[PDB]
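Protein sequences, first through last, are from chains W, S, X, L and R.
Taking the numbering used here, the leading residue of the first sequence gets 164, the next gets one more, and so forth.
Taking the numbering used here, the leading residue of the second sequence gets 164, the next gets one more, and so forth.
Taking the numbering used here, the leading residue of the third sequence gets 5, the next gets one more, and so forth.
Taking the numbering used here, the leading residue of the fourth sequence gets 5, the next gets one more, and so forth.
Taking the numbering used here, the leading residue of the fifth sequence gets 5, the next gets one more, and so forth.
All C-beta atoms, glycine included, are put in the ideal place defined by N, C-alpha and C.
Read through the structure below, which is laid out as structure tokens, and then see the notes.
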Amino acid sequence: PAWXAXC
Amino acid sequence: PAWXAXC
Amino acid sequence: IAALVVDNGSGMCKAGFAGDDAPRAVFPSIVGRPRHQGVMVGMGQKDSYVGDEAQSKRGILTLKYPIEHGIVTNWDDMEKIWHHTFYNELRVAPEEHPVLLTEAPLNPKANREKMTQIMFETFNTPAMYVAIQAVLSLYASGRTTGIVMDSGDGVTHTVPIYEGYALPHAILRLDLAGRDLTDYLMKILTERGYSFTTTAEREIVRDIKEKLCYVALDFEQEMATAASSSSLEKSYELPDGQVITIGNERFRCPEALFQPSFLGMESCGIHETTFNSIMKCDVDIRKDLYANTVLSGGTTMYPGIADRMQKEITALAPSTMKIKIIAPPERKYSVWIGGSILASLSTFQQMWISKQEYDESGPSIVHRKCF
Amino acid sequence: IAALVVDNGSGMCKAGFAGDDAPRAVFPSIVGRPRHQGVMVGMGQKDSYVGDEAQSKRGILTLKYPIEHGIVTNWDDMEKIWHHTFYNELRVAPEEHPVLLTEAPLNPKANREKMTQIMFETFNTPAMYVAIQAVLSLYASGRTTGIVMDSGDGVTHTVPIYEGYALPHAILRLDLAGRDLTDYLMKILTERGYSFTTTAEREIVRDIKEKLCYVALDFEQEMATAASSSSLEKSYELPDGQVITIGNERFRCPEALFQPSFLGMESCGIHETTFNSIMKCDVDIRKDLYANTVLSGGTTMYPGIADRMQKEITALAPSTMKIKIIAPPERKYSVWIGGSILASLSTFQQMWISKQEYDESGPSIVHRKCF
Amino acid sequence: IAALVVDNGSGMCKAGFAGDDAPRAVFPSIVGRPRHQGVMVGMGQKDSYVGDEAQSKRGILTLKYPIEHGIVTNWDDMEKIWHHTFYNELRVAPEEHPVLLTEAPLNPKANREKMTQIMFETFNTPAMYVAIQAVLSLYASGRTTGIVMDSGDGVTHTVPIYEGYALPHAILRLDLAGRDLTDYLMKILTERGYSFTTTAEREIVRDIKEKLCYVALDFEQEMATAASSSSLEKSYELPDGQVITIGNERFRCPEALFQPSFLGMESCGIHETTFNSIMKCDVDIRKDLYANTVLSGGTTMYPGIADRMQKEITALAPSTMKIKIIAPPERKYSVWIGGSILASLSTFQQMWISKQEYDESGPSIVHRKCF
Ligand SMILES: Nc1ncnc2c1ncn2[C@@H]1O[C@H](COP(=O)(O)OP(=O)(O)O)[C@@H](O)[C@H]1O
Ligand SMILES: Nc1ncnc2c1ncn2[C@@H]1O[C@H](COP(=O)(O)OP(=O)(O)O)[C@@H](O)[C@H]1O
Ligand SMILES: Nc1ncnc2c1ncn2[C@@H]1O[C@H](COP(=O)(O)OP(=O)(O)O)[C@@H](O)[C@H]1O
Ligand SMILES: [Mg+2]
Ligand SMILES: [Mg+2]
Ligand SMILES: [Mg+2]
């Protein structure tokens with residue numbers, strides 16, 4: 164969730 | 164890591 | 005009775021009865037287990053899903069590939085793949101039909117031993133053979149003189165085979181394969197902030213590779229275009245609905261087959277290993293190989309890889325040669341098809357090791373026929 | 005003129021001039037905003053607060069960290085942080101000194117580009133660089149051969165850099181970090197009766213985490229020690245002065261560093277990512293890497309972590325090999341110590357990108373010597 | 005002033021002043037370039053490394069041999085080997101001492117010019133000579149007649165030297181040598197599951213070849229013993245501490261010297277090329293030769309190789325010719341030793357091409373000799 168997709 | 168001494 | 009043909013590929017298991025023109029069973033070679041405690045006991049869960057089951061239930065499972073670079077790393081996982089191959093995917097009692105096993109070149113003696121032991125003693129197959137995958141690849145095009153460049157999820161290899169006899173001393177293996185290109189695809193997608201870490205996420209990246217990557221013909225000019233216009237870049241949407249843009253990365257991933265330095269492998273690229281195997285072949289025969297470079301296995305499916313292999317190996321060959329890259333459709337499952345072809349034949353009907361032979365002579369029969 | 009070294013950590017920013025052995029300023033990297041209407045017009049209050057001002061006003065602000073997992077999730081709250089870093093905490097004009105920033109491995113390429121634009125076009129710096137956090141550390145350790153496990157509030161990195169020549173392909177980034185363990189500490193403290201929810205309570209949990217918690221040398225045995233005895237019970241007073249008695253919780257909270265399965269991440273423990281990072285490197289250098297394993301960043305400060313690390317990699321690694329977890333006191337700021345050294349190491353004086361270069365090559369200039 | 009003696013071997017460069025009975029410098033003839041980026045700029049890192057520096061730095065370098073099979077492949081790389089020899093290995097200015105270069109028989113005539121031109125014009129040698137390697141070997145062995153079987157890393161050379169002269173018509177250059185032999189060890193290791201690919205990894209294998217491998221006096225008898233009992237099995241652990249377990253492989257590798265078929269080589273085996281050389285001689289000197297079989301160069305060191313060579317070549321010769329194998333210790337260096345003796349002769353001290361002679365005649369000095 165910090166990254167774009169993914170986390 | 165597959166390989167016994169290498170991958 | 006019809007013999008059973010099984011292509012033990014590192015990423016996908018292709019299998020069927022002898023004489024089928026295409027495999028019946030085609031499934032990812034995955035054994036799964038649950039990542040979390042089960043709480044709705046009335047569901048009646050099972051402890052390890054396999055194949056398309058594991059791929060259906062993806063995000064609640066850890067996903068194990070039991071085969072790494074042709075080496076069977078986990079045997080009880082692989083034994084479950086074969087159990088599912090036989091009783092469920094093909095629906096057959098493997099103790100009542102002969103069995104044809106594919107195997108990768110330059111793969112250790114113990115792998116064949118344990119394959120043999122499991123077939124002859126877990127599954128009690130009545131007769132069996134283990135074929136060098138490239139033999140089957142060449143046979144699948146109906147030709148009987150050439151060099152095969154096989155490139156699966158786990159192994160890339162070059163095998164010269166002349167009048168149907170292999171050249172064993174002239175074989176090459178390069179472990180840079182489809183999984184490794186999936187690995188590098190992760191890393192480069194991370195540049196645009198698209199992180200992928202879980203095995204489940206790995207499978208997403210595999211899917212992405214399989215539909216937006218392509219082999220650039222001309223890397224320098226391409227990458228100069230990619231730094232000049234957004235027109236080369238496009239998009240895909242996750243099982244989570246959100247869109248992801250694949251760009252410079254599209255070509256950068258598959259470029260690695262020609263430049264293994266990009267994954268920090270000093271090993272030569274696929275054009276160099278093909279050349280370097282042709283140049284291991286006797287000076288007479290090199291012409292006969294250049295008209296007969298056959299590609300096989302699923303990572304040979306990248307668009308333009310034939311064009312690139314040609315335009316590259318062109319430079320490695322002398323001028324005045326018919327450098328022709330044999331890249332047909334069905335190269336996808338070619339290895340298996342070749343198995344089915346060869347399995348149908350009375351000459352090959354001499355080759356199959358009888359269970360009784362192995363039973364009496366122990367591993368000493370296979371210790372020969374592996375060469 | 006003296007350059008400035010600033011580490012943009014996900015939890016706390018460390019900054020100062022070059023040459024010094026400790027970073028003068030430590031504003032915990034937090035921006036915070038009034039949770040309610042301001043009523044006393046005579047107080048002279050302000051829109052939002054930062055660092056220790058945010059900590060001072062904590063019980064009435066919603067707190068946001070504008071860096072997560074190293075990604076700068078919000079650019080205006082990061083730029084507020086830099087405005088306070090320079091003009092309030094350090095009382096220096098960044099448009100009169102070169103500046104060195106720090107950044108995580110494998111962070112999205114866009115982050116470096118935005119940072120650069122904010123430095124060159126908000127703060128008008130003369131020249132700039134962005135060192136890869138791990139790298140700086142080995143400088144801080146002196147040793148130029150080693151593998152750095154850096155673990156802070158956000159990221160965790162395990163770079164191996166050898167003979168001073170890196171090995172980028174072997175880098176592994178695990179997004180388990182100090183924030184993640186703060187968040188897990190909330191869950192386990194609930195089991196004995198204590199509720200923590202607000203952003204402000206997250207900092208109280210952080211205080212409990214920085215004082216009473218420690219790493220078990222063997223989880224099962226120490227677990228059993230609780231189950232048998234009160235001997236590991238200790239207590240902490242909240243701001244109310246009420247004491248909260250925590251136990252079985254200390255050696256559980258950080259056991260997550262070795263078992264991320266406790267927190268529903270998939271990837272292996274920091275010991276396993278350490279061993280697996282070494283195993284990516286070419287087989288010669290491994291002897292030297294095992295003898296030069298370096299810890300850095302605030303989450304490496306748990307008591308017992310070295311003992312556990314050393315035994316854990318001693319299980320994974322070979323017998324007839326020596327394992328040296330080089331973990332000094334002051335491991336915490338062993339980055340704005342390495343950056344101090346790097347800006348002092350006058351051979352580096354060509355590396356600072358000049359504003360004139362950035363004003364010609366645009367954001368593309370930042371990809372000079374990074375991963 | 006004393007002369008400098010240099011042995012331009014394929015694998016290791018043996019060098020030192022004349023009269024000495026052991027060389028003062030012995031190093032692997034490797035130019036090793038970076039595999040990766042030198043991020044820690046404070047190292048003072050080198051554009052390339054050589055000899056023991058490259059072998060220490062093995063894990064981060066691409067190791068290139070400048071001599072392959074027996075010919076120089078890249079002159080500037082060889083030139084670096086020479087530069088390093090003088091200034092670093094011996095710590096001398098090459099302008100200041102006479103110099104001897106070893107050379108192989110039937111090396112094409114242009115090579116002599118390139119070597120000569122480099123030694124006078126790059127290295128300013130005050131006098132120079134170039135010598136047939138094999139002659140030096142017998143010379144060192146004292147005897148004034150015999151057949152040499154010299155084998156290093158690149159070429160196996162057989163020469164019958166008679167009345168102190170090489171007989172050029174009888175010289176059997178064989179392209180099988182240490183390096184080629186190294187490759188085959190890689191394969192037979194692969195059978196048992198050990199892998200090695202990088203050019204760094206090649207040098208690890210070289211270390212194994214120089215330790216565990218040996219020559220069995222009769223192949224299938226030994227192999228039958230080894231197939232029966234694990235008593236013939238030994239071990240040696242890599243830099244990464246894991247032991248390799250090895251039996252059957254130990255005699256199997258150097259068997260190839262007697263069986264070039266194992267590698268698909270069309271050329272005859274080591275005893276064979278020796279006989280095949282003997283038979284070409286002036287018939288009267290046949291018995292003069294058979295009592296005078298002389299072995300040399302690093303590949304000649306394997307235990308049991310002399311006893312095998314005797315039982316082997318005894319078959320090829322008509323019996324009662326009294327074939328005897330000269331193979332004491334120190335035969336690792338006979339070639340360089342010979343030059344050291346030759347360079348001690350006062351007559352030879354007259355016979356060198358002087359610097360003044362080359363400075364008047366240029367490379368044309370060789371055209372009287374080369375035909
Ligand atoms: N359209 C495609 N483009 C590129 N690669 C593909 C494509 N389809 C499949 N692949 C690759 O083929 C590999 C497996 O091919 P296959 O040989 O059938 O299995 P295995 O390699 O296990 O024998 C996978 O790693 C996958 O990445
Ligand atoms: N004594 C301690 N033991 C364990 N963890 C600690 C201790 N002190 C601080 N920490 C953790 O370290 C985190 C900060 O990491 P640090 O390396 O100092 O900065 P960054 O997170 O920017 O790398 C804090 O969130 C805190 O939870
Ligand atoms: N004790 C040994 N056992 C096995 N091989 C050896 C031994 N000593 C040397 N060699 C081999 O000899 C080769 C080089 O021989 P040498 O004649 O010394 O070098 P060059 O021909 O380059 O001068 C090396 O590749 C090495 O593997
Ligand atoms: Mg396959
Ligand atoms: Mg940090
Ligand atoms: Mg030699």
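Do residue j and residue i count as a contact pair if the criterion is CB distance below 8 Å?
i, j, result
"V339 (chain L)", "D11 (chain L)", "yes"
"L349 (chain L)", "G46 (chain R)", "yes"
"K359 (chain X)", "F21 (chain X)", "no"
"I327 (chain L)", "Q314 (chain L)", "yes"
"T129 (chain X)", "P102 (chain X)", "yes"
"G48 (chain R)", "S33 (chain R)", "no"
"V43 (chain R)", "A170 (chain L)", "yes"
"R254 (chain X)", "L216 (chain X)", "yes"
"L189 (chain X)", "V219 (chain X)", "no"
"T297 (chain X)", "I136 (chain X)", "no"
"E270 (chain L)", "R62 (chain X)", "no"
"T194 (chain X)", "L110 (chain L)", "yes"
"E237 (chain X)", "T249 (chain X)", "yes"
Quick check on residue i: buried or exposed, where buried means 16 or more other Cβ atoms within 10 Å of its Cβ?
i, result
"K191 (chain X)", "buried"
"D154 (chain R)", "buried"
"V287 (chain R)", "exposed"
"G15 (chain X)", "buried"
"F375 (chain R)", "exposed"
"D25 (chain R)", "exposed"
"residue 4 (chain R)", "Residue 4 (chain R) lies beyond the stretch modelled for chain R, which goes from 5 to 375, so this question has no answer here."
"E241 (chain X)", "exposed"
"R196 (chain L)", "exposed"
"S234 (chain L)", "exposed"
Looking at C-alpha atoms only, which residue of the options is the closest neighbour of residue i?
i, options, result
"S344 (chain L)", "L:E361, L:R28, L:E214, L:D311", "L:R28"
"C17 (chain L)", "L:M227, L:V152, L:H87", "L:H87"
"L104 (chain R)", "R:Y218, R:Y362, R:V9, R:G55", "R:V9"
"residue 1 (chain L)", "L:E57, L:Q49, L:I64", "In the structure as shown, chain L starts at 5 and stops at 375, and residue 1 (chain L) therefore has no counterpart that could be examined."
"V96 (chain L)", "L:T106, L:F127, L:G251", "L:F127"
"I165 (chain X)", "X:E224, X:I282, X:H371, X:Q353", "X:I282"
"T77 (chain L)", "L:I274, L:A181, L:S60, L:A114", "L:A114"
"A131 (chain R)", "R:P112, R:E99, R:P109", "R:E99"
"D179 (chain L)", "L:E226, L:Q263, L:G74", "L:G74"
"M325 (chain L)", "L:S234, L:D244, L:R290", "L:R290"
"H161 (chain X)", "X:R62, X:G301, X:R372", "X:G301"
"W356 (chain X)", "X:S365, X:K373, X:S368", "X:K373"
"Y337 (chain X)", "X:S145, X:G55, X:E207", "X:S145"
"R256 (chain R)", "R:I309, R:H275, R:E276, R:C272", "R:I309"
"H173 (chain X)", "X:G55, X:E57, X:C285", "X:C285"
Margin query: Give the list of continuous beta strand (DSSP E) stretches no shorter than 3 residues that lie fully inside the stretch 263-334 of chain R.
Written below: 297-300
Margin query: I need the residues with a C-beta less than 5 Å from some heavy atom of ligand 3; please give them in chain order.
Written below: R:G13, R:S14, R:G15, R:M16, R:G156, R:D157, R:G182, R:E214, R:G301, R:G302, R:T303, R:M305
Check: For the stretch 161-200 of chain L, which segments carrying the alpha helix (DSSP H) assignment without a break, of at least 4 residues, lie completely within its bounds, in sequence order?
Finding: 182-194
Check: What are the start and end residues of each continuous alpha helix (DSSP H) run of 4 or more residues lying completely inside the stretch 76-141 of chain X, in chain order?
Finding: 79-88, 113-121
Checklist line | 3 or more residues per run - each beta strand (DSSP E) lying fully within the stretch 230-261 of chain L | finding: 238-241, 247-250
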